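1. Below is the structure, and that's it, no one-letter string:
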Ligand SMILES: CN1CCN(Cc2ccc(NCc3cccc(F)c3)cc2)CC1
Ligand SMILES: CN1CCN(Cc2ccc(NCc3cccc(F)c3)cc2)CC1
Ligand SMILES: CCCCCCCCCCCCCC(=O)O
Ligand SMILES: CCCCCCCCCCCCCC(=O)O
C-alpha cells in the first residue's frame, strides 16, 4: 500500500467468479494487526483478559444504482479455516442485501469454553475466523464506475468487559524527553 | 414499509430489502407430527438448531439464452451439514422447508422468472419406452438445465421446456405454490412448503418429496453495460425436522 | 434378588444376571448444564436418543500373561455412530457416560480385575525429556497394553504397570471410582461418570476427559479345560450429551 | 449510633430467542446518522438464557488512573566542584514520562487530587580511596509555588522554608508520602490547549502556556562526605477522586518533545501478505 | 449493636456392646461393589462406652495447605559485565519446588486466594579490596501480566511501571507481603491437563499449556557499588480460602522435569526377609 | 465516624470493612473506587430523534 | 464491624476474640480456618442402592 488511506477500503468488482472471497481475517481483537490500533484494540491492550460479544458493521459506498448480495460468516475455532463459501456458510452467517439501508451488522456471539480470553491470544484461547463471500455478485447499469469499496466498523456489545490491568507495549522511549 | 423482510433460523439469518411477501404452502405452516397420526413406535430424534438452518446451494449464471433449471429435494441437501448425516443414518425422515431464491439486477435490466415448487414431479424419459438411471435428474446440489429443442439422448429425461418434462402446459404451473421475480419491483422469492405426502414419514433417499423449478418467461435483456450475466442463488432451510429408525449409515 | 440389573438407553438395552450394584461417580448423576453456569450464548443442540445409547468397543483376549489395558475417552468413541459426527461438526461438547465391562467365566476359573475411571490421566514419556505424538496413547477404539518391564522405546509412553504411567502406586488407584470383577461372584462392572472438568464445556478432540483402565491384580488361572482365553468386552453410553459451536466438520 | 452502614452492577444478561420471520430488520441500519447500532446477538440468531455475573469494576476511570507511576528522576551529589550539580530543580509537569503521558492524554480535561511519593537511594561513587565512615544521610524536599524565591546554591538562605512546605527524610525508613488537593486556577486541568499566549495570536503555543504549577528542589541537609556520594530521587504520582471529560483517541506516533505535540508520520498498522491471508 | 457475635465437632463416640448371637453378619461384606465397609469395633467385640473429645480440626484442607512454602530463589548482582546477570526474570509456576509441588498435586482442581511474601538478603562478593562504604540498598519487584512489555536491561524504560503493580523495599525492614485474588480464566486452577494445544492433537502437551500467569522481575533500584554485591530473593506462597476437588493418589516417583510428568519406574515399597518376618 | 460497607467479592459463592478518617482535609481520604455507575448513551446515541432498533433507520 | 467469635480451646477443662477488616477486598481477609464440616460419603458410599451394614452385601 503506497497510499496509507487505501488500508481502509475493501475493493469490489463487477465481474467475478460465481463464488469468490472478498476478505478474511482472524478474530484476535488485541493481537491481530487489523484490530491492533483500532479504538477497541487500544483499550484492550491496557488489559490482559476480555470477554463478551463484538459487532462488525459493514457499509457499502458504491453508486446508488449498484446492487448486490454478500455472505458474511463467522467460523468458531477449528483445525482449518474455511476455503470456500460451501464450507463458510456452515457456521454463523448473515446474508446482506444492499438497498436503501446501506449498513448491515454482524454480531459475533461469545462462544468459548472459558469465561475469559487472553489478550495475548494463543492456540489454547483461539477465537475463530471471519470471512466474506459473493452471494450473487455486483451488477451496475451503463455509465457507472466498474469498482466500488466497502468499509468495516468494530465495536463492543453491552456485555463486554475487561480485567487485569497492565502496561501497553505500543509506546516506548529510549531517553528522557526534553 | 412492507418491502423489508428478515428470517432467522438456527444460527443463520437472511435479510432482504426489496421483496414481496411470503407464500406459505397451501396455507399450512410446518409442524411436528402428532401423537394420533404417528405409526412408528420408538422415540424420534429432533435435532433442532443443528439441522434447521439455511444452506446456500451453488450459484448459476443467467444468460440471454438460458431456458431454465430444476432441483430435486431432499437429494439436493443429501450431502449438506448434519442434515445429510441424519439422512444417512436414519430410515425415516420428515421436515418442511423454506426456500429463498435471490436475483438482483440494476433498474436498466428486464426479465421475469417463475419460481415454483412441484410436489411429486414425476418425469418421463427422452425416448418413450427406455429408462434412465438416477443420475439424469439428481446428482447432488448441481442444477439440471432444460432445453429449448426436443431431447434426443435416450439416457436422460425429456427436457422440452414448454412441456416441463411432465407432459403438461408450462403456463399452467401457476396452480402450485409459486412466486415471480420481476426485475422491475422484486429481487427475491420466499416459499414455505409443509411436509406433503401420503404417509406420515418416508425414506429421504428413495423418494423425492418435491421439485424446485426456475423458468425464465421473459428472457433477460440489457444494453451496453459491463455486466455480462446475472447470478442466481438458492438458499434452503429445513423446518421442524425429525428422524427415526437408526440403522447403520450408508443410505 | 439384587443380583439382576437392567439398563435401557435409547434403542438399546443391557441385561446382566450376576452383578454387583452400580457405582455413581462421586455421588452425582449426569445432568444438563444450568442457565446460571453456562457461558456460550447461542442455543445448544441436544441430540437425545440419537446419541445417548450403548456402543460396543472391540473385544480383547485375557491370557495368563496379560498385564492390563487402557482406553482414552471420548477419543475412543470419536468415530462411532452419530456421536462421532456431532463431535466432528461442533466446537464444544459436554456429556456424562455409563461404562459397562463384561467378563464371564465358569466356576472353575479364578482371577480378579480392577475397573477404574481416572480423570485427567496425564502420562509421561518413556524417555524423560523426549516427547510423543498423539498416537502412543490414543488411536481410536483400539486398546493399548501395559508392560511388565520398563519401557525403552522413546516414541511411546512409559508402560510400567506398577506405576500405571502416572508415577503413582498402582495399588492406590482405589481412590477413583472403581469396581472389581471377581470371577467367584461377579461378571460385570458398571460405573456412571458425571462430566468432570474445570470449565462448563470443552473441545472433545483436544482434551481427554478421563481414562479407563483394566488391570489384572490376580492373574487368570485354570486347569485342563478346552477354553484357552477369556474375552473382555467394554460398552459405553453417553448421557445428557449436548453440543455447541457449529463450524465446518473435520475436527 | 456510632456506626453508619453506608454499605453491584453486572453486565446485561442474554435472553432466550426463537425462530423469527417478520418485517422488522434489526440487523439493517445506517451509520450515516452517526449512531452506533445497539443490536445484540439475540436479534440475529437463536440464543439460550444466560445469566452474566461479570462486572466492569476494573474499567472505571478511578481504577484505570489509580496507579502510582514514575514521572521524573534526577541525580545530585553530596559534594562536587560544580555548584549546580549538588541539588535538583524540576519544573513540575506530567509530560516527561511516556507511559503516564499517554495514559493521561486519553482525556481532554481532568480534575483530581494527587498523592505524591518519593523514593530516594544513594550509592558511593567509584574512586581509589573508598575507606570511610559516614553516618546516615538526610534529605530535604522543598516545593516552591510560582513566583517564590529560588535557591541558587546548596547552602542558600531560601532553604529556611517559613511558608513553603517541605519534607525532611532520613535514609532507611519508609518512602515519604503526601497529598495535594486540586490546585488549578481553572475548573479542570487541560492536557491540550489549542491557542496562543498573546492576544494577537503570537508567542508560546500549546499546553506549555498553562503550566504554572511551580518547582521542586532537593538537597542533602548537611551531608558532605570526604568522598563523593551520589543520590537519586524518583517521583511518583497517583491521581485520586478522578473525573474526566471529552475522551480522545490514543496517540499513535512516538513522543519526541516534552512540551510539544511534534511527531513523525507513522503507518496506520502492520501489513500482511494479502487480504485473504489468515494463517500465521 | 456494633458487635456481631458470629461465634465443635468431635469424632464419633463408642457405644457399649454385649454378647450377640444372631443371623446378622456385619463383618462379612463384598468389596466388589466398590463400597468401603462402615463397620466399627463395636460390631465385632464387646466394648465399653467411651466419649471421644478428639477433633479433626488440623486435617482440613484449609489448614493442610495454609502454610507458606518456598517456590523459587535466584541471585542477581548489583554490578557486573553481563547485562542478563544483574536482574531476574521468572515465569510464575508452582512446579519448581518438590515439597510444595507434591502437596498441591494431591488434588486435581484448586481455587484459592494467594498470599505472597518476599525474603531478600545481600552479601559482599569475595575479592582483594573489600574496604568500602555503601548506604542501605533498595529493591524493586515488578509483576508483568502476560503480553506486557518485558525489560531487557537493569535501566530499561519498562521499570517506570504505570499500570503494572510493583513493590519498593529497603533492607533492614520486615519482609514484603501482598495478596492476590483468584486470577484464573477458568473456574479453577488445574494441576493436571490431559490434552494438547492444537485442535489436531499436536503441539504442547500437558499442564504447560495452561500456564499463563505472567512474569516477575527484580532489580536493584539504583545501587551500583564500586565492588560487586550479590543479592538473593526467595518467594513464598500461602493459599487462602482454599477449595479442592477430585483427590488423587500421592506421587511415588521422584520428580525430574519442571514442566512434565516424566519419571523413572520405582519399586512399590521396600522388602523384608519373608512374609512371616516381624522382628526388627 | 465508623463507616461500614461491603467489600468486593464473588458471585453466588462477613464481607464488611470499617473505615475511619483521621485528617481534616477531604483530599487525604482514600480512593473512592467503589462506584460502578455508567451510561454510554452520550457517545453511542447522540442523535436528536430517538431511533428504534427494530424499525428501519431511515424512512 | 466488630466480629466476636470463640477461639479454639480444650475439652471439659473468656475464650473470645475480636476481628475487624481494614481493606476493601475480600482477598485481604485472614484465613477462615474455623470450618470443620465434612462428609466422607461421596468417596466411601458411591453406590446407587443403599447398603445396610447388618444385612448381607449380596442377596
Ligand atoms: C498543562 N496542564 C498541566 C497539568 N497537567 C496535569 C497535572 C499533572 C501533575 C500535577 N501535579 C500537581 C502537584 C501535586 C503535588 C505537588 C506538586 F508540586 C504539584 C498537576 C496537574 C495537565 C497539563
Ligand atoms: C497450570 N496451573 C497453573 C497454576 N498452578 C497453581 C497456581 C500456582 C501459583 C499461582 N500464583 C498466582 C499468582 C499470585 C500472586 C502473584 C502472581 F504473580 C501470581 C497460581 C496458580 C496450577 C497449575
Ligand atoms: C484522630 C482520630 C483517632 C481515632 C482513633 C481510633 C478510633 C477510636 C474511637 C473508636 C471509634 C469510634 C469513632 C466514632 O465515634 O466515629
Ligand atoms: C480502616 C478501619 C480502621 C479501624 C480502626 C479501629 C476500630 C475503631 C472503631 C472501633 C471499632 C468499631 C468498628 C465498628 O463499628 O464495626
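-> Yep, it's here. Residues are numbered from 1 along each chain as shown, chains lettered A, B, ... in the order given. Ligands and ions are numbered 1, 2, ... in the order given.
2. element containing residue B:87?
-> Assessed by DSSP states H and E, residue B:87 sits inside helix B:81-89.
3. and whatever helix or strand comes next after that helix with helix C:81-89, angle?
-> Per DSSP H and E, the first helix or strand lying C-terminal to helix B:81-89 is strand B:90-102. Strand B:90-102 runs at 30 degrees relative to helix C:81-89, counting by axes from the mean of the first three to the mean of the last three Cα atoms, to 10 degrees.
4. Next, see if the next helix or strand along the chain from strand B:90-102 gets close to chain A.
-> Going down the chain from strand B:90-102, the next helix or strand is strand B:110-119, by DSSP H and E. No: taking Cβ under 8 Å from any Cβ of the partner chain as the criterion, strand B:110-119 and chain A are apart, separated by no less than 11.7 Å. Any C-beta I mention is one placed from the backbone N, CA and C, and that applies to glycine too.
5. quick one: strands adjacent to the helix or strand just after strand B:110-119?
-> Downstream of strand B:110-119, the next assigned helix or strand under DSSP H and E is strand B:144-145. When pairs are called by DSSP bridges, strand B:144-145 turns out to pair with strand B:69-73 (antiparallel).
6. I'd like to check the angle between the partner strand and strand B:110-119, please.
-> 30 degrees.
7. Quick check: residues of chain D near chain E?
-> With Cβ under 8 Å from any Cβ as the criterion, chain D comes near chain E at residues D:2-3, D:67, D:69-70, D:97-100, D:103, D:119, D:121-124, D:126-127, D:130-134, D:136-137, D:171-175, D:229, D:232, D:234.
8. go with 7 Å
-> Selection of chain D residues close to chain E by Cβ under 7 Å from any Cβ of the partner chain yields D:2-3, D:67, D:69-70, D:97, D:99-100, D:103, D:119, D:121-124, D:126, D:130-134, D:137, D:171-172, D:175, D:232.
9. Narrow those to those in helices?
-> D:99-100, D:103 (DSSP state H).
10. circling back to that earlier point, filter the residues of chain D next to chain E down to the buried ones, PyMOL style.
-> Selection of the buried residues among the residues of chain D next to chain E in PyMOL, burial being defined by 16 or more other Cβ atoms under 10 Å in any protein chain shown:
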select buried, chain D and resi 67+69+70+97+99+100+103+119+121+122+123+124+130+134+137+171+232
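11. if we can go back for a sec, buried ones in the helix holding residue B:87?
-> By neighbour count with 16+ other Cβ under 10 Å, helix B:81-89 contains the buried residues B:81-89.
12. How about stretch D:243-253?
-> By neighbour count on 16+ other Cβ under 10 Å, the buried set for stretch D:243-253 is D:244, D:250-251.
13. which residue ranges form the strands in the stretch 51-200 of chain D?
-> D:69-77, D:88-91, D:107-124, D:138-144, D:166-170, D:176-180, D:189-190 (DSSP state E, counting those that start in this stretch).
14. Please name the nearest non-neighbouring residue to residue B:160.
-> residue B:150 (5.4 Å; Cβ to Cβ, 6 or more residues apart in numbering or on different chains).
15. returning to that earlier point: would you mind telling me which of the strands of the stretch 51-200 of chain D is nearest chain G?
-> Within the strands of the stretch 51-200 of chain D, the stretch nearest chain G is strand D:107-124; the backing value is 16.6 Å (Cβ to the nearest Cβ).
16. can you map out the strands along the chain?
-> Let's take chain A. For chain A, the strands defined by DSSP state E cover A:10-13, A:21-26, A:49-51, A:54-60, A:69-75, A:92-97, A:103-108, A:117-118, A:129-134, A:147-156, A:161-163.
17. Wait, chain F was what I had in mind.
-> In chain F, the strands defined using DSSP E lie at F:2-6, F:16-19.
18. Please identify the most buried of these.
-> strand F:16-19 (a mean of 18; mean count of other Cβ atoms under 10 Å in any protein chain shown).
19. returning to what we had before: any idea which of the buried residues of helix B:81-89 is the one closest to ligand 2?
-> Among the buried residues of helix B:81-89, residue B:82 lies closest to ligand 2 (Cβ to the nearest ligand atom), at 35.1 Å.
20. In contact with that closest one, which residues?
-> B:47, B:50-51, C:85, C:89 (Cβ atoms under 7 Å, 6 or more residues apart in numbering or on different chains).
21. will you turn these into CSV that also has distance to chain G?
-> CSV is the format used below for the contacts of residue B:82 (distance: Cβ to the nearest Cβ, whole Å):
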residue, distance to chain G
B:47, 31
B:50, 33
B:51, 36
C:85, 32
C:89, 34
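22. can you redo those as a markdown table with distance to ligand 3?
-> Shown next, in a markdown table, are the contacts of residue B:82 (distance: Cβ to the nearest ligand atom, whole Å):
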| residue | distance to ligand 3 |
| --- | --- |
| B:47 | 66 |
| B:50 | 63 |
| B:51 | 67 |
| C:85 | 69 |
| C:89 | 65 |
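23. just the residues you listed now: which is nearest residue A:76?
-> Of all the contacts of residue B:82, residue A:76 sits closest to residue C:89, with 11.0 Å by Cβ to Cβ.
24. In space, what's closest to that closest one - neighbours in sequence excluded?
-> Residue C:89's closest residue in space is residue C:249 (Cβ to Cβ, 6+ apart), at 4.8 Å.
25. if we look at chain F, which of the residues of chain D next to chain E are close to it?
-> Under the cut-off given by Cβ under 7 Å from any Cβ, chain F has D:2-3 from the residues of chain D next to chain E close to it.
26. can you tell me the helix or strand for the residue of chain B found nearest chain G?
-> When scored by Cβ to the nearest Cβ, chain B has residue B:43 as its residue closest to chain G, at 24.2 Å. Using DSSP H and E, residue B:43 sits in no helix or strand.
27. How about the longest helix seen in chain A and chain D, any contact?
-> Ranked by residue count, the top helix of chain A under DSSP H comes out as helix A:39-44. Yes: judged by Cβ under 7 Å from any Cβ, helix A:39-44 and chain D are in contact via A:39, A:42.
28. Which residues belonging to that helix are considered buried?
-> For helix A:39-44, the buried set under the neighbour-count rule, 16+ other Cβ under 10 Å, comprises A:40-44.
29. Now do it: which elements does it pack against?
-> For helix A:39-44, the packing partners by 3 or more Cβ pairs under 7 Å, 6 or more residues apart in numbering or on different chains; DSSP states H and E come out as strand A:147-156.
30. Next, the angle from the strand it packs on to strand A:92-97.
-> 140 degrees.
31. Look up the residues forming beta bridges with residue D:240.
-> Here residue D:240 sits in beta bridges with residue D:113, going by DSSP bridges.
32. What about it, how many residues nearby?
-> Residues lying near residue D:240 (other Cβ atoms under 10 Å in any protein chain shown) number 21.
33. ditto for residue B:95
-> Residues contacting residue B:95 under the criterion other Cβ under 10 Å number 27.
34. Report the beta-bridge partners for whichever residue of the stretch 151-280 of chain D sits closest to chain E.
-> Distance from chain E to each residue of the stretch 151-280 of chain D (Cβ to the nearest Cβ) is smallest for residue D:232, at 4.5 Å. Residues in a beta bridge with residue D:232, per DSSP bridges, are residue D:75, residue D:121.
35. Please look at it and residue E:222 and confirm they touch.
-> Yes: judged on Cβ atoms under 7 Å, residue D:232 makes contact with residue E:222 at a distance of 4.5 Å.
36. in chain F, what residue is nearest ligand 4?
-> Of all residues in chain F, residue F:2 sits closest to ligand 4, at 3.8 Å by Cβ to the nearest ligand atom.
37. does that residue have beta-bridge partners, and which?
-> Going by DSSP bridges, residue F:2 forms beta bridges with residue D:3.
38. repeat for residue B:214
-> residue B:69, residue B:115.
39. That one and chain F, how far apart?
-> 30 Å (Cβ to the nearest Cβ, to the nearest Å).
40. which residues sit in contact with that residue?
-> If you count contacts by Cβ under 7 Å, 6+ apart, then residue B:214 has B:68-69, B:101, B:113, B:115, B:232 around it.
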